[PDB]
Structure formats: C-alpha cells, structure tokens
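Notes follow the structure.
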Ligand SMILES: Nc1ncnc2c1ncn2[C@@H]1O[C@H](COP(=O)(O)OP(=O)(O)O)[C@@H](O)[C@H]1O
Ligand SMILES: [Mg+2]
C-alpha cells in the first residue's frame, strides 16, 4: 500500500505544483522584460569617464 | 553606489613563494581586495590582497600557487572586497567552500551582496537572549540549557559521536515555525558529509537547510571564508528576513588548524602551540556574530562543534573558545566506552545564559535548584569514586555509599536517552527529581526548605 | 626560533641595501 | 618649514597604516586616515613616513587615500552628559549612534561628538566666586546636578588660571555655552562646561595620600580574608567559567563607591548588554530616596567583535573618565573587564611593526604599559581651592590562557597590584561560588586596615587570623587523608577538618542570585565569623582540657548533642539583612552564642 500510493503523490507535485511555477514566472518575466532592457542598456551606453579619486 | 569603471588586468607578477603572490606596478591597490588569477594553462583561481606597499600588492591565492608563472599568468583586480550573492533561495541548496553550488544547480540570483566580514552589532541595540530552546536532550535541557541567541560549542574529541548529536539537536530544536538551519562543514571526510546530507533529507528538513560543506581535500585557505559565508547568509535570514537561524560550525578545530598554516606562511607572531597571536580576535569575529537585536524579530544561534586534541581542554582550540562563547557542552571518552549514547560529562560543561532562560514563567520553579544539586551530588560522588580506588571498597562512611548509588543511577538514567528520544523539560525534571530521592532531606544543601516541601515528597 | 628568523630577515634587508 | 596639512597612505597591512608625505607630525598625534576618516594614532615615524595604528577597520583603504593631521593627541571630552551613557573606545556615544543612523551597526566613519550639544543643563555657580576673584587650576566654579545622585561639579582645567571677568548666572545651559571668562596677562580665555584632556597624560593633583577606608565589595571572602581599600589596585585572574564577570558585576552594584566606571575591553557583547538591562531596575538608597544604580555608572564597551587597536583606547578612556570624577571628590571604582585582551592588542600591533618580542610573543614594553595604568589609581587629595579628596580603585580581571598563572600578562600584573583574588577552576567543577582560591590569594592592605579595624570592629583582626590558620591546616591534613586515610587522625585534627568544611560551605560560599546573599554587610560578615571561630575554640576546650584522664569528648557526641546548633551555625547565611534589621540579626547571632555556651 505504501508503494502504490507513493506514485499518486508524484503526479500531484511533479506536474501540478512544479509546472505551474514555471509559467507563473514565465508570465511575470514577459510583463517586466522591456522595462529592464531599457534600464540595462541605458547603463551600458552611459559611459562616464572618471579618473581615480587619488588622481 | 555601483562600480562602473572597467577592470585592470595585470601581467606584472614579480614574486611568488608559498601561497603569496606579489604583484608590482599595481595602480592604487586596495587592502582586502579580491583578484582573479588566470593561469598559463587556463584555469582560474581567486585571491585576496593581504598587504599593499606603494605600488605592490601581496595577494594570497585561495587554491595554492602550484603552477603560477612569473610571466604568463594574468591577474585581474576586481575593484571591491569579498561580497557574496545572498538570497532567500539559498535555503535548501548545498554549496562548497568558495561560493559555488554542488547539487547540479544554478548560481544564486543575488537579492543583495553582503560583505562576508560583516560589521559588529552595536552593543546598545543588542538584547539579551531569553527564550529557552528545548532541544530534547536531558543533559542539555536539564543542566546546560541553551537560549535563543546563545553561542554554545560542543566540546568533543576524535571518534566521539559529535556528528550524531549534531543531527539529533537539529531535529528536536524547538521552544519550551521551524529553525532555518545553516550548516557549515569544514575539513570533514566524505562519510561525514554524507552523514549530514542524508540526515537532513531523511527528516524532510532540507527545505530550510543551507549546507556549506568543504571537504578535507578542498584547499585549506577556503576553510577561512567558509564560516564567513555561512554566517553572512545567516545574518541575511535573521536580521533582514526575520527568521530564527540555527548555525552549526562543525569541526572548528579544522578551521583554526587551517588558520595556523596561513599565519605560519606569512611568518606572523605565534601564540601558544604555533597558532597566531590574533586567534582570539579571528575566532571572535565568527563567534560574536550571534544573538538578537531590538528592532528585529529574528535571531541567530551558533553551536560550533570542535574536537579538542588529546582530550585536553587547555589546548588553544577549546581554551580560547570558552572565553568568547557562553558556556560549553563537553562530551566524554570515558562515558563513550560505556556505550552511553550522549557521553556528556556535565562537570566541565556550562550554560552562562541558562539562569535567565529558566524559572517560574520559563519552565517551572524547581529548575534552578535541582540542577545545582544534581551537579553537586555528581561532583561529590566522583570524589568518592576517586577515594574508594585508593582506600578500598569497604573502608568508607555509610553516607559515601549513597554517592555511589547516585552516579550509577545518574549516568544510565538521566543523561543516556537514545538517538531519537526527545524528552521535554517537564519529563527531565521529573527524572532528575527521582535521583535526589535516594538522599536524605537535609543532605541536599543547595535546595532550600521551601521548594523541598513542594517537590521532594512525591 | 621566531627571534632568530626575525634577525635573519633583517640582516638580509641590510645586505640588499649595500649592493 | 612649510608643514603640509595632508598625508597620503603608502601601505596598509592589517591594523597599521604606513603614511608617506607626513613630515612634521609628532608621535601619538591623532590622524584621520581614509575617505571615511578612520581614527588613527601615530606610533612610529622614519623620516618622511609615519606609521599609524587605526582604531577602525582598514579593509578597503587604498594607497592614494588622504591622511589629515589634527595636531592633537587622542583625547576625551569631559563634562555633563556622561553618567548613564555607554561609549566605545574612542568615546562615541552608542546611544546617539543608534538614533542618528537608525540601524544596528556602527558605520566605522561616524564623527559623533562625545557629549551632546542640545541637552540643557541647569548650571549654578559656586556662590562664593565673585567677579575679579582669583581662580587657579582645578577648583570648582559650578555645580550641575546631572541626576539626583551625581552633582557634576564643573572645574577649571589644571593648566590655566586667572581672575574671573565673567561668570554665568544660574539657569539652563548647553555644553557649548560660554560660562566663565578669565584674564591672565591680558588675554581672554573663555570656558564652557566641557574640557578636553589627553588620555595618556596623568591628571595633575596636589598630593598623594595613603589609603585608609576599605572597599566593601559585599562578598564575604573578599571583605574578610583578602580586603581591598578604595584607592587600591586589584587583579582577578582565572580561566573561563570561574566567574571573573560575576565578581565584577556584584562589585559594580553593591559596593560603597560613589561612581562606577566599567570598561569592557575585548569581552562578550552580551555581557555589556546585560549590564544596561538589570542596572536601571536596581536602586540604592543614600539620602532617604531611592535612585537606580545606572545614574552612577558609565560604560566603555569595546567588545571582541569590534576593532583591535581600540582595546587600548578603551582602557585609557576609562581611566581618564575615572580620574575626572576623582577630582570632584567622589570615590571612583574602575573595573577593566579584561586587561589580558589589551595585552593581546599590543602583541598584534607589535607583530605588524616587526618588533622583537619578549617572552610568549608580547612586546618588551608590556610591563611599562601595565605599570602606567595601575599607578593612576589611589586615594589622593585633589587640586583646587574647595579642598576635597578623591579616590580611584582599579579592579582589572586578567584572563590567562589555559588557567596558567605563569603567564607574562599575569606575572607582569602581580608585580604591580597589591591585591590578588585568584579564582580557581576546580572550585567551579563543583558549584562553589565565589570561587576565590584562599591559598594562593593575598592582600597587602593589612597594615593599612588594622587601624580602621581597631576603631570599628575590634574583634575582627584575630578572627581572620584564626580563620586563616584553620583553612591552611586543613590543606596540610587533607593531603594526609588522600594518602594515609581518615582513621589515623587525632581529635584536634578531626575537629579542624569539619569546622573548615563549615567555613567553606557557610562563610566562603555565597550565591549572588539569592536575595539573602546578593549583598552581605560587614556586621553580618563578622557576625557569622565570631560564632564559627568560637565554636572551634569551644570544641578545642573539650579536647585539650579533657586530654587523657577521664572518659573524654571524642567529637562524636558534639555532632549528636549539637545537631541543631550545627544547623544554627550553617543557616546564618540566611539571616536576610535587607528585610531583617541589623539589630535583629545581630541579636540572632549573640543568641546562638548563648546556645553554644549552654550546650558545651
Ligand atoms: N554566585 C553564583 N551562583 C551561581 N552561579 C554562579 C555564581 N557566580 C557565578 N556563577 C556562574 O558562573 C558563570 C560565570 O560567568 P562568567 O563570569 O561570565 O564566566 P567568565 O569568568 O568566563 O567571564 C555564570 O554564568 C554563572 O552561571
Ligand atoms: Mg566574562
């Protein structure tokens, strides 16, 4: 009884809870992606050449 | 706020001996700065700048100087001190000594970057530890009880079961809503790493356990930053995410033996038995990173395991640990050959914060008095046992036979409990009161007549 | 041993100046 | 002679910093190294460079960083706003750091003034110091009641003098308001309620006096066997678990000292956090009123997690605050929590300077820094015209490694101090607190205290002399018991081995957390000692007079006859003197003296 019921605990987690976590953050990545890349590439192109504070 | 300048990459090594690489022509070198060596054969090694002088930088590498050229190796100066990517997702994963994952996983996604050296807490905003942790061991919860925010080592030796009672106080760690355990293993074997890893998965506790395991074949300068990594994530969980953290720094004698080789390579001034003069301050930078503060609801408790050499409490490993911490737990060799599972000799054990964590509102009224009498009846009967071996088994006073009746009933019934039994503190004090029943009422000097009238007739 | 190795490190530095 | 105002770092290796471009800088000058201005102090200079020990963490200090010279030594700000407060080694208020930054750390670059310039203090003049009157160095020209306990008397600095051209009227003043103005050769020097004084400079004073009044710590073995005077130096060695702190906490709560300055030099952080917890809920009664003992306590907290070179600056700060309250006429008592962590700070700084070591790695000047710290104690007649007397008692606990008293920090301390309360580890393997080993401990304040004892408690001097013979002759005969056996003892020796067990369990043992033994007044110390010595004298009279002739007393019937008197003698530690009157308790003893005379 412990060997047969342990397989019913597998599909309650390996495809129910796990697979909803990937698409749960796949949607949240797609909503906030283009705001990040405009912030990220803004810092790569804003070169401010400084010298060391100890000259 | 953030570094934006590109990194200088020097090929200007001018000296290497032991673990120390000496670069020249470094432009404004920084103390305690991290560099990134790339070897002529292509492998990467990290380093830390240990002394600057003008344009030179004496960097020690974390992996050893075996193969470092004087012309072909290239050293890239990261412009900041050693920070680690810390996150809430570092809870349920295992890591090696340096920073890296071991369990086939990805890198940490870095909620923020914390300095591993830390910064000491203001002693005005540090509050006293009060809530007693009931750890389910009668030698602890009876006479050497720990608090929530207490640093307390397990003084062990070689071969004694200090790994086993480390995994036993992980399962039964609760109050008299679980502990986020952070585990640091330094200088351990392969079986000792598998004993802790397969025990944290057996009890289902590996959803809140961050293992920092550094094996015996791992480099001995990565053992220095192993407790600094495992305490800078424990400060992130306890002082920012408001979590109650249990930190276990197992084999602390493997940390300080790895501290002796680095200082002897630098030719530092030696203290006792070759250990450096700053061993007290270097141990206290990882022992005093514990307790709870006034603005937060989290706490961090440290249980650092160490094995004393030659069963000696006057070696510099357990002697300097007693001056920093708040009492010790002393397992014994003589109580291990008798197959008592917790071999906790209670006489050189201590809990400096047990007086504030027991009492009427905490556990019950009789706790502070039965523990002073269980300690004195144990100390007299060991003096009697050291007397009957010289004098004889028959030339004793009849009062001295009760002290032999106590000790044979003390070690097998009070402290011996088995590896999965978790006695509560009300179970313990009703077992500890049974052993005082074999003495008269006016031979118990430490317990007054008031609380003797409420507990001793039973 | 530490007092004699401290002196042999100091005598080497004075012999690196007089070169 | 151009005197460049800046310097630049040349190399940093741990706590020390080599700074180039530093030409006309003096030794022990205060500099500020780094962009965050870490506080440092110049200890060595070789030509153009200068070497600086830093009282902060030098992790992150680059080479081209500026080092600005201040031209002044390391000094403290002395004035109102200093009782009840807690400072670190360089005297930054930890209560004002945690409220300015609203965090739980010390940001290691903070320049907070030691005394706040916004608290209004109610100044009152001396009432006999008119305008035009002369005033020398060190006399009181004002009284500021800091609390209900401590009247913080404002004094002129010991250097300068003159005539009063202006003295402020009574009212509320800041620490920055000018109170006094003087003229000497025709120069106007204005004075406020604070003064700045270097910590390595001994405070000037009129004349030193011998010490006569004792320091009653409250502990029974400490007041009776090995007494200490106010104005005396005391060392408490001992390993971990012996109770070096509990003797220091019980002496800061219940002694007869006016103010208390507690210096945690490199010890546990939770020990300085339990001080400011149970002190404001503990009061004392001096003039019919009760006020908490935190109003007479100042803390200097530099834990072992904190920087290393600031262990030295926390010792010299705590003695300079102790000599400041000395000059008001108070009886200061200073508890350096560990002078063995200061000696480990000198060793690590000397390891970076590549100095030649003395024995066990300590520098050769270790015994000279300990000598110039304990010599600043003493009962001494203060400078100034109101003609008062002050005192400083230094009780510094040594932490020897491994419990070895043949340690170059302990052996350098015992050549300086006059009292030595050597704690023992085996007296903590059985719960015998206070764990003072009575065999190795001593006190050289015996010829100074017998004139006090022959004026107040005249019976006490042969009491402790006889109690020191019982405790010593027990050790001579317990060596025979563990080798030969108890059966070969005489009747004058079996009485000694059991009155000594009465001494070590009733008189010497004292549980500080019980309300009857948290403080033992000195009439109770002599009261339960004059009973247990006379009982030994009476039981000696039942042996030597009945020597051989009749059927004599072989001590086995004294146990049987006086079975309640041996309970009357072993329970006198219970005769609570907080809630039990002195006259009550004293009467209870003399009654037990009457019961033994009737029973013998
Ligand atoms: N009078 C006493 N009664 C009971 N226990 C005591 C007494 N005095 C000291 N102790 C015990 O001795 C311990 C020593 O504390 P502490 O002084 O901090 O150790 P250390 O000497 O290393 O500083 C205390 O925590 C307490 O448990
Ligand atoms: Mg202490």
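By the numbers in Swiss-Prot, the shown part of chain D spans 13-612.
Note: Cβ is positioned from N, Cα and C throughout, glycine not excepted.
The ATP binding site annotation in Swiss-Prot covers D:250, D:251, D:252, D:253, D:254, D:255, D:256, D:257 and rests on a large-scale study or a structure entry. According to Swiss-Prot, the phosphothreonine annotation covers D:136. Residues or ranges marked as phosphoserine by Swiss-Prot on the basis of similarity to another entry: D:384.
The structure, with features from Swiss-Prot marked on it.
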{"residue": "D:136", "record": "phosphothreonine", "CB count, 10 Å": "15"}
{"residue": "D:250", "record": "ATP binding site", "CB count, 10 Å": "26"}
{"residue": "D:251", "record": "ATP binding site", "CB count, 10 Å": "22"}
{"residue": "D:252", "record": "ATP binding site", "CB count, 10 Å": "24"}
{"residue": "D:253", "record": "ATP binding site", "CB count, 10 Å": "21"}
{"residue": "D:254", "record": "ATP binding site", "CB count, 10 Å": "26"}
{"residue": "D:255", "record": "ATP binding site", "CB count, 10 Å": "21"}
{"residue": "D:256", "record": "ATP binding site", "CB count, 10 Å": "22"}
{"residue": "D:257", "record": "ATP binding site", "CB count, 10 Å": "20"}
{"residue": "D:384", "record": "phosphoserine", "CB count, 10 Å": "15"}
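Cα of residue D:254 (ATP binding site) to Cα of the residue listed as 'phosphothreonine': a span of 48 Å. Here the CA atom of the residue listed as 'phosphothreonine' lies 42 Å from the CA atom of residue D:256 (ATP binding site). Closest by Cα distance to the residue listed as 'phosphoserine', from the binding-site residues D:250, D:252, D:255, is D:250. Among the recorded positions D:136, D:252, D:254, D:255, D:257, D:384, residues whose Cβ is positioned under 6 Å from ligand 2 are identified as D:257. Proximity to ligand 1 at the level of Cβ atoms, with a cut-off under 6 angstroms, picks out D:254, D:255 from the recorded positions D:136, D:254, D:255. Taking the mean position of the Cβ atoms of D:250, D:251, D:252, D:253, D:254, D:255, D:256, D:257 as the ATP site, the remaining same-chain residues with a Cβ inside 8 Å of that point are D:411, D:435, D:437, D:440, D:447. Comparing residue D:252 (ATP binding site) with the residue listed as 'phosphothreonine', their Cα atoms are 49 Å apart once rounded. Contact annotation for chain B: of the listed binding-site residues (D:252, D:253, D:254, D:255), D:252, D:253 place their CB atoms under 8 A from a CB atom of that chain. In the three-state DSSP assignment, the secondary structure recorded for residue D:384 (phosphoserine) is helix. Across the fold, the C-alpha of residue D:253 (ATP binding site) and the C-alpha of residue D:136 (phosphothreonine) stand 49 Å from each other. Classification of the residue listed as 'phosphothreonine' by DSSP places it within a strand. The binding-site residues recorded for this entry are D:250, D:251, D:255, D:257, and the Cα of D:257 lies nearest to that of the residue listed as 'phosphothreonine'.
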